[PDB]
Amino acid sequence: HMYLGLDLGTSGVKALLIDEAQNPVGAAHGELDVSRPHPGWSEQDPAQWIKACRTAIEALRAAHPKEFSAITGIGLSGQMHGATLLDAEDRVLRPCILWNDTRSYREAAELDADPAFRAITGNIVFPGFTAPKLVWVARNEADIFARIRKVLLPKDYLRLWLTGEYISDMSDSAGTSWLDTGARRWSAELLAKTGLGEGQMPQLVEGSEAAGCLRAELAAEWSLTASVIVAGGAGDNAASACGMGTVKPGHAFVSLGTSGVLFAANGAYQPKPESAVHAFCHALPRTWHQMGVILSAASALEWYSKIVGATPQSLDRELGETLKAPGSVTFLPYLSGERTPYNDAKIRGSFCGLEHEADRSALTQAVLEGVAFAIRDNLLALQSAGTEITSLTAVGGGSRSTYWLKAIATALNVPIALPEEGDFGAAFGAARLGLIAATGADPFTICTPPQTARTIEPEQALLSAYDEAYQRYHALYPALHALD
């Protein structure tokens, strides 16, 4: 038996093929471009998704033809929030409006101020969510709005091509701002407020349950031996968490990507939009998750490196592998504002405590310390929303810095598990969801954590100094916020 995962990301489509024991067999990539016609716009032709997916599938089938033909289930993963508008004949009315589009800032401000949206979704309405984009379309592209017969998120448009059905999973649809996240059902009240009805939404399923069969023309185009089940799938965050084993309550991963993400799986729906944490359904039934977002994590270090004319890897190499006690320099990483926990668009980044003796390495250190402190601010927000994080697992580019991991562990006083090498991301979670739907296995027995490479324990000697420095970082925000 074989299982295929398709991750439709913003930069490309990843195809991952695994066997019954969840060992990778092969993988292929199809490139994607992003169109930015106007300031704040971010679009993609849904046809490009299919050409990219076709590129990676046949490239995979041509390298593993016998193994590809033994595929019994397919799992999907996608970039969240994207708005794909289809007419009565499933034609694409306009390019998909992606998660990093901000042209709807006015409409999202209007929806966020309507108390129904946080009460029913449990989340802030940001302009990158699906709901504000559809008010945008109704006001600026009204001819396209009148012809809307379905609104699909990207991975679900791919499923429409694969299966011919209109279906979405709970975790991706909680990102539309149309879902009653706690009830795992569409909200008619929220749909009416943006000018749509439930018949223009796809049908909802759990990410791990069976949600369509592969169309026969496609089953023969790649020579599929059996009835191929397509899983519900997940949004990329929830997909990634399924790949990582982050599905039981209190289990968390921190992603040191361009933006920081603190992902915690929950046993119940636990919203806290007042502290700007996200609460979404997970890909597994009767399961939720929280998401703390740090708007500048690795990009804060990229920013500093462009200033001082080095690369992150050289700055990390210059600082070293041994954790140092914080100095007088403090870095607030709010180069783009901050999301969790203040939802503050006006605040900005800052170095404080500058001394003549602070060299380039000392400021590098304060950048890593400061992002670590933002993560600790995120963990505190999650704890105020009923979650206790016991063990934390680290991924993303920044997790390649031993200094950064020791800093984050000492700032949180939790050990951080660093995985063995492999792809345990969105495409692997998608493959796992395909394995779960095809076999009907208990999804919690499939989505296991990876083997741990190294475990970074908190530096007991520096725990107190990190508290002292954390409090400095924390006191800087209300002082600077008073000036905005």
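Numbers follow the displayed sequence, beginning with 1.
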Selected stretch [higher average CA B-factor]: 130-138 or 88-96
88-96
Mean C-alpha temperature factor, higher of 439-447 and 42-50
439-447
Looking at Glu369, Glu338, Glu221, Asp236, which has the highest CA B-factor as recorded?
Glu221
Using only the C-alpha B-factors in the record, can you name which of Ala63, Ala427, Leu433, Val34 has the highest?
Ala63
Taking the chain's C-alpha temperature factors as the reference, tell me which third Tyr269 falls into: lowest, middle or highest.
lowest
Could you place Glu209 in the lowest, middle or highest third of its chain by Cα temperature factor, using the values in the record?
highest
Consider only the C-alpha atoms of the modelled residues in this chain, order them by B-factor as the entry records it, and name the third containing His282: lowest, middle or highest.
lowest
Please say which third, lowest, middle or highest, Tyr334 falls into when its CA temperature factor is compared across its chain.
lowest
Please rank the C-alpha B-factors of the chain's modelled residues and tell me whether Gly349 sits in the lowest, middle or highest third.
lowest
